[PDB]
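A.B. asks: Structure incoming, see below.
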Amino acid sequence: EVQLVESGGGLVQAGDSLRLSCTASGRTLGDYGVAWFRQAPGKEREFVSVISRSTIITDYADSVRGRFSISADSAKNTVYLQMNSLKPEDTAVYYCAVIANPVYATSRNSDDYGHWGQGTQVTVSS
């Protein structure tokens, strides 16, 4: 029973950057594929980015590709989501989660994930 906590959110201006953290406890991060999803008001949890057990596979949603980047820090048991050139339409609650099956390395479907954190708020004002 891995436990995830998101942090690093907050209120920012359009064009600014943020770095979100997904910090694991109870289990090593090296054993899991880790993804970020985001849920804007009234919408579903939308896929943002993923990084494998291995850290060698990384992937991104089209809407954030080129702006966001995902990384792992094994020493802190933490996955980072560097978010640059933020826009109002990036305003959401950002969650992290683990792939609940080792049969996929990438998945974009939220049902394929588990152990969701409480999430962190990202607000991007104009």
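Here, A, B, ... name the chains of the structure tokens in the order displayed, residue numbers run from 1 inside each chain, and ligands are numbered from 1 in the same displayed order.
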Can you list every residue in stretch 9-110 of chain A that DSSP puts in strand (DSSP E or B), as a ChimeraX atom specification?
C.D. replies: /A:10-13,18-25,34-39,45-51,58-60,65,68-73,78-83,92-99
A.B. asks: Which residues, written as a short mmCIF file (atom, residue, chain, number, x, y, z; two decimals) with N, CA, C and O atoms, in the first residue's frame, have at least one atom at most 6 Å from residue A:49, with only C-alpha atoms counted and residues fewer than 6 positions away on the same chain left out?
C.D. replies:
data_model
loop_
_atom_site.label_atom_id
_atom_site.label_comp_id
_atom_site.auth_asym_id
_atom_site.auth_seq_id
_atom_site.Cartn_x
_atom_site.Cartn_y
_atom_site.Cartn_z
N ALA A 35 1.64 8.31 -13.19
CA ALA A 35 1.03 9.28 -14.06
C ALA A 35 0.40 10.41 -13.29
O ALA A 35 -0.02 10.25 -12.15
N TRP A 36 0.36 11.57 -13.95
CA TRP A 36 -0.41 12.72 -13.54
C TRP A 36 -1.68 12.80 -14.37
O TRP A 36 -1.65 12.63 -15.59
N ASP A 59 5.74 9.80 -21.31
CA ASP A 59 4.77 10.25 -22.31
C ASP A 59 3.87 11.37 -21.81
O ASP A 59 3.74 11.59 -20.60
N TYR A 60 3.28 12.08 -22.78
CA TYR A 60 2.57 13.32 -22.53
C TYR A 60 1.30 13.40 -23.33
O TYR A 60 1.22 12.83 -24.40
#
A.B. asks: Restricting the calculation to only C-alpha atoms: of A:77, A:15, A:47, A:126, which residue gets closest to residue A:95?
C.D. replies: A:47
A.B. asks: Counting only C-alpha atoms, which residue out of A:43, A:19, A:53, A:115 sits closest to residue A:74?
C.D. replies: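 Answer, going by the shortest atom-to-atom distance: A:53.
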A.B. asks: Quick check, in Å to one decimal: how far apart do atom CA of residue A:90 and atom CA of residue A:69 lie?
C.D. replies: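 Atom-to-atom, atom CA of residue A:90 to atom CA of residue A:69, that is 14.2 Å.
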A.B. asks: When you draw a straight line from atom CA of residue A:27 to atom CA of residue A:51, how long is it in Å?
C.D. replies: 16.6 Å
A.B. asks: Write out as a PDB file with N, CA, C and O atoms, in the first residue's frame each polymer residue whose atoms come within 6 Å of residue A:13, counting only C-alpha atoms; drop sequence neighbours fewer than 3 positions from it.
C.D. replies:
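Okay, selection_5.pdb is ready:
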ATOM      1  N   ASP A  16       3.525  31.722 -16.523  1.00  0.00           N
ATOM      2  CA  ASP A  16       4.415  31.302 -15.444  1.00  0.00           C
ATOM      3  C   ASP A  16       4.663  29.809 -15.463  1.00  0.00           C
ATOM      4  O   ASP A  16       4.014  29.071 -16.213  1.00  0.00           O
ATOM      5  N   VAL A 124      -4.569  29.249 -12.733  1.00  0.00           N
ATOM      6  CA  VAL A 124      -3.802  30.096 -13.644  1.00  0.00           C
ATOM      7  C   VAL A 124      -4.659  31.293 -14.060  1.00  0.00           C
ATOM      8  O   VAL A 124      -5.481  31.174 -14.952  1.00  0.00           O
ATOM      9  N   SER A 125      -4.447  32.459 -13.456  1.00  0.00           N
ATOM     10  CA  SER A 125      -5.299  33.622 -13.758  1.00  0.00           C
ATOM     11  C   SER A 125      -4.708  34.309 -14.986  1.00  0.00           C
ATOM     12  O   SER A 125      -3.503  34.176 -15.248  1.00  0.00           O
TER      13      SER A 125
END
